[PDB]
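So this first bit is one chain, no partners, the form deposited in one PDB entry, shown in structure tokens.
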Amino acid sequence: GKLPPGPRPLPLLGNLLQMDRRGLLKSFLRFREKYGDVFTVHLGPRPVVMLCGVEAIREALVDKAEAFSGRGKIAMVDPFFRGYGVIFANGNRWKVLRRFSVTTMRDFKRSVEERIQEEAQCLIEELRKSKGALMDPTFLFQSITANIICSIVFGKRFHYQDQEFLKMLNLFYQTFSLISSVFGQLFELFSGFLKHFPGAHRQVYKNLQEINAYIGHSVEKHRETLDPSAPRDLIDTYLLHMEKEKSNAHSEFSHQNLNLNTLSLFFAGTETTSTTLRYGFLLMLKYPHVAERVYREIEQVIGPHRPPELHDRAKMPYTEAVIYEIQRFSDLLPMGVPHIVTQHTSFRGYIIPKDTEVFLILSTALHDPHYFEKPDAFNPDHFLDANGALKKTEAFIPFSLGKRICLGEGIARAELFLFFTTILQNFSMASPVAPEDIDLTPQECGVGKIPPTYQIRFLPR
């Protein structure tokens, strides 16, 4: 009959005065205590329905896909993306851009696996050259994941010591942080007001323009050398489609979709997997007995030299459990990416009007103590049975579900496994901080959950 229950709002401020100072997620976990798994919070001027736990989330994204499949905005980046590109598009643009992006990622020329394998070898050579010196591995982790996207999109990889590559990686890093910051969460509530003032939203806008400028230039160099009978990469393929549909003024294959879809694939392609890697190696420093056990399995299944391959996974249940647990623990996007309802819909008795924003709080499925005993601790046994065999679970939804499910899922799982195991096959880790002193508390927790900076050494075996 009405919207899910929640804290009683004030006219201008919504539920501001009921929020927790520590962020949106914390705010929402407190409301969930009081209201249950389906509730409404007024984020500044508008109601947003929160869905918590695997059942409710899957009931919405899978059983009710006809309605929960729209994409909402992220205040901090809407001014840039404006509903262009696969992540932020709706309706028929999304359908075109999704089919195109899914279809030209898989089809191309090396397999996905081969490209990751080569990149893993370049990574190992790089880590060798560093001769056990301390670094903050953020740049390398962004470099190897960026290079996978790059070879699909630009037809090329960049070298780790290229200062122009590094400068773009810095912008991806700064932006993800700024977006996930306390100001970014405030902005989600009050963009309407805050936009008129200086603040992080302008820096994010400017960073994204700067990345936009490289992509515009690359599109140009491609157009100039384009061979219709032999498209090199995803940009070439988009250009061909642009040609084919030029007589339709309403073609989705526009120039803004070109730039912003590409940029969307890049952002998501780089920052998601690299952040998981960052948390992953920090977790390894804090739990060296886990890293040592992963290494014993690599030794026994793969050996000290033969490059790891995807077909190794099924024979490495421990390593897979550690990687699942890294993802579960990391909780990359704790509230997922905003959805909206596309038509009036009933959900557990409530009525959700059309164009009502919905957050699926993926963090609540990942921390569900019915599936994961002691869900706030890192523990790979979360994903092992009695016999040490891999135990997958329905609650494991860090890619979300349904029509909008991460389209990069397969690529990211390939990268996490090949980069994790290839590094561990060749190196052990050390740092100047004892495992008991290692603090896992995120540096940011908003849209994204971002681990603190740290120094690590990679020691050759």
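So that the term is clear: the rigid core is the largest set of C-alpha atoms that superpose within 1.5 Å between two forms. The numbering used is simple: start at 1 and walk along the sequence shown.
Enquirer: Other compared entries: residue 115 unbuilt in at least a third?
Expert: Residue status for residue 115: no gap in any other entry.
Enquirer: Checking chain continuity here. Are there deposited residues lacking coordinates between residue 108 and residue 109, and if so is it 1 to 3, 4 to 9, or 10 or more (or none)?
Expert: Going from residue 108 to residue 109, the model skips 1 to 3 residues of the deposited sequence.
Enquirer: Pick between 196-204 and 333-341: the one whose mean CA B-factor in the entry is higher.
Expert: 196-204 has the higher mean C-alpha B-factor.
Enquirer: Select between 161-169 and 274-282 the stretch whose C-alpha atoms have the higher average B-factor in the entry.
Expert: It is 161-169.
Enquirer: Name the residue from 137, 388, 85, 380 with the greatest C-alpha temperature factor listed in the entry.
Expert: In this record, 388 carries the highest C-alpha B-factor of the candidates.
Enquirer: So if I compare the CA B-factors in the entry for 308, 216, 288, 375, which one is the largest?
Expert: Highest C-alpha B-factor among the listed residues goes to 216.
Enquirer: Lowest, middle or highest third: where is residue 9 by C-alpha B factor in its chain?
Expert: Residue 9: CA B-factor falls in the highest third of its chain.
Enquirer: Quick one: classify residue 435 as lowest, middle or highest third of the chain based on its Cα B-factor.
Expert: Ranked within chain, residue 435 CA B lands in the middle tercile.
Enquirer: Based on the entry's values, in what third of the chain does the Cα temperature factor of residue 19 lie: lowest, middle or highest?
Expert: For residue 19, whose C-alpha B-factor we compare with every modelled residue in the chain, the answer is the highest third.
Enquirer: When the deposited Cα B-factors of this chain's modelled residues are ordered and cut into thirds, is residue 66 in the lowest, the middle or the highest one?
Expert: Ranked within chain, residue 66 CA B lands in the highest tercile.
Enquirer: Mind checking which third residue 357 falls in for C-alpha B-factor across the chain?
Expert: CA B-factor rank for residue 357: middle third.
Below, we refer to the form deposited in another entry, which is not included among the displayed structures.
Enquirer: Which residue, 302, 122, 290, 219, is displaced 2 Å or more at the Cα between the shown form and the other one after superposing the core?
Expert: Everything else stays below 2 Å; the exception is 219.
Enquirer: When the two forms are laid on each other by their rigid core, does residue 386 show a Cα shift of 2 Å or more between the shown form and the other one?
Expert: No: residue 386 shifts by under 2 Å between the shown form and the other one.
Enquirer: Please check if residue 445 moves between the shown form and the other one, taking a CA shift of 2 Å or more relative to the superposed core as movement.
Expert: Yes, residue 445 moves 2 Å or more.
Enquirer: After core superposition, I'd like to know whether residue 371 moves between the shown form and the other one (criterion: C-alpha shift of 2 angstroms or more).
Expert: Comparing forms between the shown form and the other one, the residue 371 CA shifts below 2 Å.
Enquirer: Work out the direction of the Cα-Cα change for residue 181 and residue 286 in the other form: closer or farther than in this form? It's 3 angstroms or more.
Expert: Result: farther.
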